[PDB]
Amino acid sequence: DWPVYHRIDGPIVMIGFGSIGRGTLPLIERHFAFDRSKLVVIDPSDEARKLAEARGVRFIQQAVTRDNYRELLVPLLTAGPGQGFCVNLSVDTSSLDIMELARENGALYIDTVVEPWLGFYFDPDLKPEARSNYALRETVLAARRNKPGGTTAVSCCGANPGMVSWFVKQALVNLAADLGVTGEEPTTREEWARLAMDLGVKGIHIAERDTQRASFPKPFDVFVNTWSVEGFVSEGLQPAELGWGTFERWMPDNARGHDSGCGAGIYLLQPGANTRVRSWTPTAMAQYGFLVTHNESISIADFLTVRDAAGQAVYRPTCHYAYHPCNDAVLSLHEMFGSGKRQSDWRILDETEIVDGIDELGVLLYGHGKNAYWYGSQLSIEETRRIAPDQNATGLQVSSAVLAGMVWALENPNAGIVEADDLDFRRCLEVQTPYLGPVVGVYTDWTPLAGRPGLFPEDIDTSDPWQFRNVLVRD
C-alpha cells in the first residue's frame, strides 16, 4: 500500500486551501501518521470552507495578515507537546515573517514561493529592482545568515521552484554518464557547480508545456489557468528575470543588475508574462515560452556558481523559465496584456473540467557535447485522477514536491533555513516519483538558431547558437 514515511507529533497548520492546499492535504493524510484532529486549515474563502467541511477537516476562516499573524498562529503552531509543521500554501502572506515565527516557536515550515504581505506590489514607490524575486530571495538568505542552524524551514519547495532543482542534479548525473565523465557523484555545492562547469553546461531552461485542455470554451473576460490565477498574474507582472551565465556576451538595453546579494541574476524592465523566449520540450518540440520570474532561475544559477580565490565568478550557467502554459492561459495573457486590465472574473480548471493533457515540466540543459538534454515529468491528467484526489496534473507536481520536502524536513529537523537545492535530491525524488508519471531524459539537436536566419534579417549571433541574444524574442 502507500508508504508512511514518518509520524508527525505536533499540530499541522496549513495556510491556504486553494488548488495546491487541496491537492496537498490528501497526500499529507496518506503518507504521515497523526490523528486528524492535529491538522487545521486556515483560509478566508467561503468556497474553501465548504470543501474543507466536505472533506472532514478542521477549518478556520480567517485571512492571515501582518496585523494578526503572531496572535493567530502562535497558539496553533504550539498546541500540545510535539513539534508542529506549518505548511504555507497561500497568497498575500509574508513567507519570511511566517517562517521566522515558526522557527522561533520550534515548528517546521515549508512553502512554495517567497511571497510578500498583501500590498507589497502596488505600493507607489517600489522600484522595479525591489519587485524582483532576486530581492525577495535575498531577504531569506539574509535571515539564514542572521540565525544559522535551528529548526528546519524549507523555502520554495514546489514543482518549480522546488522539484526542478532535483531534476538539475539528476540531469547532471545522467549527462556525466552519457558523456563518459566518470567519478564520485557530487556531495557538496562546490562539487555540483564544478560538475556543471566541467560538462560545459552553458545554461538551463526550466522548459515547460502544459497541454491540459478544458471541457468548455474559454469565456470572454475570464482568466483561466490550471493553478493560482492570482499567483500567476502576480509573478507575470514582475520583471522578466534570469540567472545570468558567464558565457553570455549580450543583454538587452533594458537589462539591469543588482548592487548587492549573491550576484547571480539580472532582470528586464518589462513584465515576464509578456516576454517570449525560444525553447523546446519533447512533446512540444520547438516552442515559445514566457520569461516569467521564478525563484529557481536565481537559486540554481547561484548554486552552480564556481568562484576564484578573489571571490569572482569564473563559471555560472544562465538559468530561466521558458513557460508555455495551457491554451486557455495563453489566451488569458493575450487578453490581459492587450486590455491593460485584469479580467472581471477567473477560474482554475478542476480535474472534472479537463478533457485531456499533460503538464510536461523539466529542465533543458544546453551547450554541452550533446547539445541539449531535457529531463523531467510528463504527468497526464488521467494518471493524476487515479493516484491523487482533488487536483489536476499541474497541482500534483507541486503537492507531491511539498510532500517530499516535508519528508526531508522531518528526517532533518535541525537544518535551518534551506532551499530545494540544499535538499538530498535522491531522497526527495524517491518520495516524489510515484506522482510524476513518466520521467524521461531526451537529447535534441534543436538550437535557438534552428531555421534562422529566414525571410527577414535579425540580430543573431551565429558563432554561438545558445546565446540569450538568439533565445529572446524581439517583438
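Start at 1 with the first residue shown and count on from there.
Just going by the entry, 176-184 versus 161-169 on mean CA temperature factor gives the higher value to 176-184.
Averaged over Cα atoms, the B-factor as recorded in the entry is higher for 150-158 than for the other of 359-367 and 150-158. Of the candidates 54, 439, 406, 442, the one whose C-alpha carries the top B factor in the deposited record is 54. In this structure the maximum Cα B-factor among 63, 420, 27, 431 is found at 63. For residue 391, the recorded CA B-factor ranks within the middle third of the chain. Only modelled residues enter the ranking.
When all modelled residues of the chain are sorted by CA temperature factor, residue 69 is found within the highest third. For residue 15, the recorded CA temperature factor ranks within the lowest third of the chain's modelled residues. Split the chain's modelled residues into thirds by C-alpha temperature factor. Residue 399 is in the lowest one.
Per the PDB record, residue ranking by Cα B-factor puts residue 45 in the highest third of the chain.
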